[PDB]
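Undergrad: Quick one: this structure, given as structure tokens, is what I'll be asking you about.
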Amino acid sequence: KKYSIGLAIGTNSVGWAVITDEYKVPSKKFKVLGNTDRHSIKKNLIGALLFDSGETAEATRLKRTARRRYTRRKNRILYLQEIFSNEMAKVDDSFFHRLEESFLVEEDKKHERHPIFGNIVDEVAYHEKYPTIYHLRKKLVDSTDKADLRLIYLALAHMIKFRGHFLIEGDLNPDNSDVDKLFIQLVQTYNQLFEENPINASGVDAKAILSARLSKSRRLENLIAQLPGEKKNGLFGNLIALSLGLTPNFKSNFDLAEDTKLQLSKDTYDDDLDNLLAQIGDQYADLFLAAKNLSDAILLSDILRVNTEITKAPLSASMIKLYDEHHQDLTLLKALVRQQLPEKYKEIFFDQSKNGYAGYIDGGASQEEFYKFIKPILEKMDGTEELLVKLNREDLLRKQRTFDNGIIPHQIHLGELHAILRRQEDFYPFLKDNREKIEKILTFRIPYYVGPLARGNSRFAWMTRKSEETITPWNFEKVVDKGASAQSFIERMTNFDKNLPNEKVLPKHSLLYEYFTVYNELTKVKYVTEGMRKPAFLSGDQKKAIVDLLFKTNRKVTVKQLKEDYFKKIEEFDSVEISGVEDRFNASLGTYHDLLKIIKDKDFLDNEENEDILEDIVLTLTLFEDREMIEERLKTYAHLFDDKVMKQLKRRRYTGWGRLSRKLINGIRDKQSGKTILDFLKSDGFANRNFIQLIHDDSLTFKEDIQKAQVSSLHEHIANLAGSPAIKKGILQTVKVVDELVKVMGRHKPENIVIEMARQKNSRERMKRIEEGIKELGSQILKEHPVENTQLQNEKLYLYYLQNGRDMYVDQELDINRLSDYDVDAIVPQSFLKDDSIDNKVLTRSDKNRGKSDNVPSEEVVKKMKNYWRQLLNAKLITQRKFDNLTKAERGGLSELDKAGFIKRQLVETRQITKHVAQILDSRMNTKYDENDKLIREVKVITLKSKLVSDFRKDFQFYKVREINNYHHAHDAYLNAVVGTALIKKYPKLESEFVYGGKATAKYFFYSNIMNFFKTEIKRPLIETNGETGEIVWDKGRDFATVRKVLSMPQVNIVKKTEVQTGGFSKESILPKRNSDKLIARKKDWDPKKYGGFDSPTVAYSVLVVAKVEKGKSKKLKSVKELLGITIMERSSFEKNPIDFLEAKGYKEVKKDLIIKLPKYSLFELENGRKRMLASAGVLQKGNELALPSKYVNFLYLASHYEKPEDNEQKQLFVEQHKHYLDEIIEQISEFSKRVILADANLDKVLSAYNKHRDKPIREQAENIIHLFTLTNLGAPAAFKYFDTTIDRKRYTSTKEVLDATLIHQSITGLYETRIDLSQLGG
RNA sequence: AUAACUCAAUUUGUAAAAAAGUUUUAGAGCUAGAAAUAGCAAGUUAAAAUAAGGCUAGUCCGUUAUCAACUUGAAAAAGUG
DNA sequence: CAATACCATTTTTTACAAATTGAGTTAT
DNA sequence: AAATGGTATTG
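Residue numbers for the first sequence, in the entry's author numbering: 3 to 714, 719 to 765, 774 to 1011, 1030 to 1050, 1059 to 1244, 1249 to 1367.
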């Protein structure tokens, strides 16, 4: 009867195995359904499910969000055309019709092909008069002359259409009138205070140097160069840093506590300056007044590059300069190339294919790809003197529309938009009467806290309407309830009190929430002086004066402060030792301080009779981020407060939510005492009970009242876990294999389920962290050893850069060409912890400079190096986590208790996800209750870490070569079943730690050697028993034997999950027109032979048609049987009317009741047990698994790594003994590949390659056999090298063979099969 | 194994915005030549599209999750060896 | 037909909630 | 960011 289940949960596989008492995996006979002459079959009960990874929702979200951007922009232009409609009709009554149809070829147009003026003469004139839209924008803001309404419309729409960013708050004037003189206010203002060291400002080029071709950061160097006697990381260089945008550590300058860096563009600034002027005197905020005064003019000096005075359109103006420069520079290049390099000319100005000018303009070639091409050419030429300097500044042959217009803020565009409207309203009454409407089209933007402006049909939407009626930029305030919405943007995402679940958690920053937080910490602090028997609790009256005096005076109260400023100065205990708070209090009344600073009244804060209000001010400050919406919900408390203080309060924003409600903390009462949880926290006699205590104390009513308030699908339940969708698929799927396994085993539940789980992109992150770290350190190491951002994947190199080219342990400089000669020491060593992240890795010359292997780095090191570790800590070149580990010896080091914990954790799974799995399964298997009404545990769910079985394999030579076939997942699921059951059969003490439901040295010893009852020598006999019960746990002579024979089994149930494909319709590339029945219409009317489209759709699923097709002039019907791929785009109509779809496709008399859905991976058996999986309507995949014998597996293992004590003779010799296992392994690929692969050319190439490399080492030949298994791997064909010969993939490019094959429909285990012969369907 | 707090790092989900890219058209190409073709002149800008589309008609929705077969269900999901 | 080869939309900002891992304090 | 099905070209 009795059996167990093993599972191995991955992202692309669940391995499963069924085992019985003797660790044997049984075999059974299962029915075989459908129409073959096979009615049944034998199956070993070991297998795996394979699947393509499930995916994150992000891609889908990003496309959705852009979709909405598109439909909104379209409506901006529509809002504008509607305003223009009635007056544009009088000037030219088809203008908007022939913008709408500009894209159509001349023969699909209703109107004249010339869009603006609807005739050629006037259109040619327009373009030579205004080469760029920028020429026209400028003209229309500067000229006073009445303008063509069409030329007005075009300037407004292009400002409204490409309208720049919403990242600066509020209004904006261009003042670059005095970058010369705004700077020269700063130097007399600083030269008034620092009269000792007066900066020699002759104002030599303040205008130029800040605001030059090259960067901001660089240009500071170039000003402090033309000022003599001045550190650039010094007070005048610090002010100028800020004036640009860079942040300086500013600490040095004034002798202060912490690194103090501002950016004058952050909103954080207003307040942050005053944090510093509180130190140095409000008598030097005129050094940060003359700072903004130049910071204004310089903000925009990278875009705008025209002295504004001479234009109100400095953006369009600059653009015109880029053009004019582009014209003058090009005409020069065209002279030079023709006097100096005539041969090349053609290539550079005609041949698009190459990245010359033609390639830049009419080819597909980047501003960058261009520059690269012609740097070679420009300098093999004595004329490019001033023209090559332009290339390096990136100022050469610039377009106006480019990657770097990212920076233009919407206010700039609004500047010119507003200007034009001021001009032409003087002549167009409707522009006067709609100036504000039109501007609101450019300006309005739905708030992130409002989301889609839906009406009952967006599962994304939360917005409320004060009124049903259409929302427009102009009626949004009056129709959207912005507060209701601003609130539910948050409330729909925030927790309910897990204890009182109809209650919403308080703001993290609520005054009440912070009170609860200290009293909980403070209630379990205890103290001692001499003359006291025991240490006592703090009392009620004691906690109050500590709260009243220290907590409401300092943000942080340090333990020093509690000792000195309390026990000495009130309690008169000159020496007091205290337990429960270790350096400073975790808890703090941060909100009491932030408020009393701004509100300025302790008598109001401390007054209990106005609590509800203060709780509604912090709720208003936490919910909302829109300083305006705050003000509106804060205005009702304007009687109670000073006007100067709403100024402060409105800005006092807060962020974060608690885990507990007001009702719990301070509403709900103990029946007896009538006292709230916070009441007990404030005073609880001599018991001083915690939060967690009061909640579990049967003498109190909290325990049962929480029991009262507590309340009550699978598919749903799994998708609500916190893990990667990729793991959440493996999760669901395993539950489904376990449900099927329980059925094959006759509804009988298992004795046990043993689960276990596994553990350019990160090349930009690293270089971005490397730059910012050194840029912060001010190190010249990237000047001295420049690096792309793709070699920093070499962990030795990356660590070298993350350590500023220094040894992490000794304070030597690290030679960057001797990383070969150097070591990567784990901080917490490998012995204790399996972390391979950079958080535990450290590059040193030798690893022995940490000191002793058997602990954290020496105290020696920790005190010598610490200073430099914090340099890297501030730099973000290490984490607080890394830094804490590195230093641990100074806080005692790795305690024998820590060490045990680290070897226990090598064996017991912590991961919260794997626990949920174990729980899901436990709660799913164990559903019955006994007479007394307690849950009967039929099934035991045992959680193992991978390391156990990985060891076990390495320890009794059950080696896995992952690349041989998909069997290893099933193998691990078996080994997890046996090692699982065997471990709790020997040690029922360990069900505590694996089943769901001097002290350190011993524990440590036990765990280190736990798995020894499998070994014979460390002494121990063949037969192993439980001491107490005397069960059998391992017939060591006979039981490994059964493991061998299970792993040697060739018939393992592999199943690839068949999957209807979903996602994007096709490749996204909008291809040019060609005559080709592959191009796909981007819109109904856009015939792609004229307009281009898409070429490369995804088949959602293939379908088997048996029908007839017309043939010849005659239309004489002929019978067809083939696959038609149904495209993702086609699918919904195919499904709507299966016939009318296929009939419209060509097919006739389509036999409706023979159509078969064949999603991707649908499996087919041909001849010789050769099988193929569908990849598409036209492409097959390798369907067979190659079942290499055990003996060859292990030989390939040991061979591949000869880099492996006295056992390395016996293991290393086996290899040289069985050199002829190679020929025998090659022959076994050949028999296989000849029978099922059918790649005649590729087998010939591997055969030759092999025979050609036979005089090479046994190691080098095993590394490369291990490559050949790609030839034979289940799945899509793929390339691989045998040594230096590549064998490109032999693909399956027709599905015709499967139409007469056997379709095999598999259950999820693959044990239940329906088999269809397609030879019996085709008429 | 669990709770609250503190700090750091991570991952998941949502909303609002921006800049390019690509596509067709418009920006009279000239001269010599029967033509092939040659010489030359030009180039930087715009419009419109950006999943086909869909009804629920919103400034909404349209790429995630879920899916052997048979029987039963709109479905979810149950039954079946 | 087979062998062969080339191709795949990209970047950027702001606002927010949750869970999880792991170094601490207090506990059931 | 591969990997692998769409696509075209060619032998």
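Each residue gets a CB set at the ideal place from its N, CA and C atoms; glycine is no exception.
1) When the distance is taken between beta carbons, is residue 981 closer than 9 angstroms to residue 19?
2) Write down the C-beta distance between residue 987 and residue 9 rounded to the nearest angstrom, noting that I regard them as a contact closer than 8 angstroms.
3) Provide the residue span of the alpha helix (DSSP H) that contains residue 1356, from first to last.
4) For residue 1265 versus residue 1222, is the C-beta distance shorter than 9 angstroms?
5) Kindly indicate which residue of 561, 651, 107 has the alpha-carbon position closest to the one of residue 602.
6) Could you have a look at residue 879 and say whether DSSP puts it in helix, strand or coil?
7) Going by DSSP, which residues form a beta bridge with residue 1349?
8) Which term fits residue 216, buried or exposed, when burial requires 16 or more other beta carbons within 10 angstroms of its beta carbon?
9) Under three-state DSSP, which class holds residue 548?
10) Should residue 974 be labelled buried (16 or more other beta-carbon atoms within 10 Å of its own) or exposed?
11) Mark residue 678 as exposed unless 16 or more other C-beta atoms lie within 10 angstroms of its C-beta, in which case mark it buried.
12) With 16 as the cutoff for other CB atoms within 10 Å, does residue 259 come out buried or exposed?
13) Residues in the same chain with beta-carbon distance under 8 angstroms from residue 12, minus the five sequence neighbours each way, listed in chain order, please.
14) Going by DSSP, what residue range makes up the beta strand (DSSP E) through residue 1211?
15) Are residue 1171 and residue 1140 close, meaning C-beta to C-beta below 9 angstroms?
16) Contact between the stretch 408 to 423 and the stretch 158 to 170 is defined here as three or more beta-carbon pairs at a separation below 8 angstroms; is this criterion met?
17) Looking at the structure shown, is residue 45 part of a helix, part of a strand, or coil, going by DSSP?
18) Count the other C-beta atoms from every protein chain shown that fall within 10 angstroms of the C-beta of residue 939, then say buried if there are 16 or more, exposed otherwise.
19) Once DSSP output is grouped into helix, strand and coil, what is the label at residue 126?
20) At a cut of 8 angstroms, does the stretch 235 to 254 reach the stretch 288 to 302 through at least three beta carbon pairs?
21) One question on the structure: do residue 741 and residue 720 come within less than 9 angstroms of each other, judged by their Cβ atoms?
22) Where are the alpha helix (DSSP H) runs, 4 residues long or more, that stay fully inside the stretch 267 to 341, in chain order?
23) Which of the three DSSP states is assigned to residue 1018 in this structure?
24) Hey, out of 156, 1136, 1191, whose CA is closest to residue 1159's CA?
25) In the structure shown, what three-state DSSP assignment does residue 215 receive?
26) For the stretch 402 to 452, which segments carrying the alpha helix (DSSP H) assignment without a break, of at least 4 residues, lie completely within its bounds, in sequence order?
27) Answer yes if the stretch 144 to 158 comes into contact with the stretch 171 to 189, meaning at least three C-beta pairs across the two stretches below 8 angstroms, and no otherwise.
28) Using only the alpha-carbon positions, how far apart do residue 808 and residue 391 sit?
29) Please go through the same chain and pick out, in chain order, the residues whose beta-carbon is closer than 6 angstroms to the beta-carbon of residue 1032, but skip the five residues on each side of it.
30) Alpha helix (DSSP H) containing residue 507: first to last residue?
31) For the stretch 49 to 116, which segments carrying the alpha helix (DSSP H) assignment without a break, of at least 4 residues, lie completely within its bounds, in sequence order?
32) Tell me residue 1221's beta-bridge partners as DSSP assigns them.
33) Run the CB neighbour count on residue 199, radius 10 Å, all protein chains shown included, and call it buried at 16 or more, exposed below.
34) Please state whether the Cβ-Cβ distance between residue 399 and residue 362 is less than 9 angstroms.
35) Give the range of the alpha helix (DSSP H) segment to which residue 1088 is assigned.
36) Are residue 758 and residue 991 touching if we call contact CB-CB under 9 angstroms?
TA: For this structure:
1) The residue you call residue 19 lines up with position 17 of the first sequence. The residue you call residue 981 lines up with position 967 of the first sequence. Contact flag unset, no.
2) Position 973 of the first sequence, counting from 1, holds the residue named residue 987. Position 7 of the first sequence, counting from 1, holds the residue named residue 9. Confirmed, about 6 angstroms.
3) As a first step, residue 1356 must be located in the first sequence, where it is residue number 1312. No alpha helix (DSSP H) contains residue 1356, which DSSP labels as neither H nor E.
4) One-based indexing of the first sequence puts residue 1265 at position 1221. One-based indexing of the first sequence puts residue 1222 at position 1182. Taking 9 angstroms as the Cβ cut-off, residue 1265 and residue 1222 do not qualify as a contacting pair.
5) Taking the first sequence and counting its residues from 1, one reaches residue 602 at position 600. Closest option to residue 602, Cα to Cα, is 651.
6) Counting from 1 along the first sequence, the entry for residue 879 is found at position 865. It is helical.
7) As a first step, residue 1349 must be located in the first sequence, where it is residue number 1305. Partner(s): 1358.
8) Start at 1 with the first residue of the first sequence, and residue 216 comes out as number 214. Per the 10 Å Cβ criterion, exposed.
9) As a working mapping, residue 548 is identified with position 546 in the first sequence. Here residue 548 sits in helix by DSSP.
10) Position 960 of the first sequence holds residue 974. With 16 or more Cβ atoms within 10 Å of its Cβ, residue 974 is classed as buried.
11) Locating residue 678 in the first sequence gives position 676, counting from the first residue. The residue in question, residue 678, is buried, as its Cβ has 16 or more Cβ neighbours within 10 Å.
12) Position 257 of the first sequence, counted from the first residue, corresponds to residue 259. When all chains shown are included, residue 259 counts as exposed.
13) In the first sequence, the residue the question calls residue 12 occupies position 10. 736, 763, 764, 983.
14) Position 1171 of the first sequence, counted from the first residue, corresponds to residue 1211. That run of the beta strand (DSSP E) goes 1211 to 1214.
15) To locate residue 1171, count along the first sequence from 1; it is residue 1131. To locate residue 1140, count along the first sequence from 1; it is residue 1100. Yes, they are a contact pair.
16) yes
17) On the first sequence, residue 45 is found 43 positions in, with the first residue counted as 1. Strand at residue 45.
18) Locating residue 939 in the first sequence gives position 925, where the first residue counts as 1. Classification of residue 939: buried, given that the 10 Å Cβ count is 16 or more.
19) The residue given as residue 126 occupies position 124 in the first sequence. Of the three classes helix, strand and coil, the one that applies to residue 126 here is helix, per DSSP.
20) yes
21) One-based indexing of the first sequence puts residue 741 at position 735. One-based indexing of the first sequence puts residue 720 at position 714. Taking 9 angstroms as the Cβ cut-off, residue 741 and residue 720 qualify as a contacting pair.
22) 271 to 282, 291 to 301
23) Placed between 1011 and 1030 in the numbering, residue 1018 has no coordinates, as the chain goes from one to the other without interruption by modelled residues.
24) For the purposes of this step, residue 1159 is taken as the residue at position 1119 of the first sequence. The shortest C-alpha separation from residue 1159 is found at 1191.
25) One-based indexing of the first sequence puts residue 215 at position 213. Reduced to three states, the DSSP call for residue 215 is coil.
26) Fully enclosed alpha helix (DSSP H) runs of 4 or longer: 412 to 426, 431 to 435, 437 to 445.
27) no
28) As a first step, residue 808 must be located in the first sequence, where it is residue number 794. As a first step, residue 391 must be located in the first sequence, where it is residue number 389. Computed Cα separation, rounded: 35 angstroms.
29) Here residue 1032 refers to the residue found at position 1000 of the first sequence. Correct list, in chain order: 910, 911, 914.
30) Translated into the one-based positions of the first sequence, residue 507 becomes position 505. No alpha helix (DSSP H) contains residue 507, which DSSP labels as neither H nor E.
31) 60 to 93, 97 to 102
32) The residue you call residue 1221 lines up with position 1181 of the first sequence. DSSP, once it has assigned bridges, lists 1213 as partnering residue 1221.
33) Taking the first sequence and counting its residues from 1, one reaches residue 199 at position 197. Exposed is the call here.
34) Counted from its first residue, the first sequence places residue 399 at position 397. Counted from its first residue, the first sequence places residue 362 at position 360. In this structure, residue 399 sits near residue 362, with a CB-CB distance shorter than 9 angstroms.
35) Counting from one through the first sequence, the residue named residue 1088 turns up at place 1048. For residue 1088, the uninterrupted alpha helix (DSSP H) segment begins and ends at 1079 to 1088.
36) What you label residue 758 is simply residue 752 of the first sequence in a count that begins at 1. What you label residue 991 is simply residue 977 of the first sequence in a count that begins at 1. The answer is yes: Cβ separation under 9 angstroms.
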